[PDB]
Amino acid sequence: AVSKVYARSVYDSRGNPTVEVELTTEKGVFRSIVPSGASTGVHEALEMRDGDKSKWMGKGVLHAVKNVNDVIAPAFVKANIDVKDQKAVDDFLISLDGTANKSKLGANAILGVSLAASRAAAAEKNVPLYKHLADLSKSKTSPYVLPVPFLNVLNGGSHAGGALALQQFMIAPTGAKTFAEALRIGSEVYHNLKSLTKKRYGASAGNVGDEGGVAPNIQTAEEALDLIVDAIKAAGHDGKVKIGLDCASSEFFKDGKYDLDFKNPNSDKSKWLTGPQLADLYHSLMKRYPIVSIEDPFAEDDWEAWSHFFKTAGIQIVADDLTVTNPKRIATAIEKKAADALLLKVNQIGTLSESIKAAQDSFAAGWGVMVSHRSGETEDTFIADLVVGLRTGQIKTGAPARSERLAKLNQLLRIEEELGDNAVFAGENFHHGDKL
């Protein structure tokens, strides 16, 4: 029985406050922390910030925390809910808020309780979190499937001072035999990339972005990709490492056009591209580099652009801001055949149950699911257990630098170790890891 529900302010990996929730039962105290994105999609569930410019640059979460302590906590405890029944837990939370976007209590108030409940439930059942998550999602556990880690080793877009528009350049060791090996390989490619970057761009370029990747002043995608390929070869893993991209195109989408030089105040408007034109650029890159995944190639509401490109894409097209882990928007993407992979961000929707449903609907539509961190992470490792529980075969949780990233990767190592021969590595079958 849930005897107590408490919330407090803690700091995320960017030094901004976020919500941490603790749920107490006869099994002990279970803690979950809420992550936070930077450029959140317009359709994401509301992250409640205080807006007090005199405190935390106006990013305090005192209101969200109060909503947990003064509203959710009392009601939840008196309700005597069964933490094992995650749907009941979340229906209770969703009803308490009573808004379509969780704007009343705040998604960052609700999620912490939703996640903590699942941890308390795993303990009551006497099974590791990932196993409980497999039960909640009715996922096959014979055997379990470890995910291919997509490591964001190089930053561009608003995450770099160059002209490079594309935001994330990830590496994916799909050729690895195990997750442990994939992680080692990723670390080696990352370190080789870092040394090469420092040598060609200077020590400063060695500094890392929010997610741990380097962010040198790069001008074109070709330059970035060539650097990554050089790192893969220098590390001695050519043939075992593929590339993933997150264009975050919504950030350079203006007047229904795409400005690949948006970081330039005097960008030549006559060089802005239409949906089909930008798509052609992606095809050129896809033909020259081992790119096996492209996220948010087009704006979050430019459905036509997505559908057009998908017709001849040929590789995994991941939807992030387009779907915001929302089943309703996912249904639209499936009907319009806009993509074939969901970037799963639990805090974009607000509850574990809704996130699981988003994943199930995706898998049912033949889509893949890449569980994802947020640019603003914490020491919380829930998504490590979640990606395993969901048997997706693919996760995006940072470069192999900064512990808000390594914490998840390390947790995956422990899960792998614990499962032994009862688990397999998605490898090249990452797209349909759930079907392995």
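Counting begins at 1, following the sequence as shown.
When the two stretches 80 to 88 and 348 to 356 are set side by side, the higher mean Cα temperature factor goes to 80 to 88. For the pair 242 to 250 and 180 to 188, the mean B factor over Cα atoms is greater in 242 to 250.
Across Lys131, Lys287, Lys194, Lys233, the greatest Cα temperature factor reported in the deposited entry is at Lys287. The PDB entry assigns its highest CA temperature factor, among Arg119, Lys138, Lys102, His237, to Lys138. Ranked by Cα temperature factor within the chain, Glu417 sits in the middle third according to the deposited record. Looking at the C-alpha B-factors along this chain, the one for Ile383 belongs to the lowest third.
When the modelled residues of the chain are ordered by C-alpha B-factor, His432 sits in the middle third. In this PDB entry, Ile94 carries a Cα temperature factor that places it within the middle third of its chain's modelled residues. Among all modelled residues in its chain, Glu404 ranks in the lowest third by Cα B-factor.
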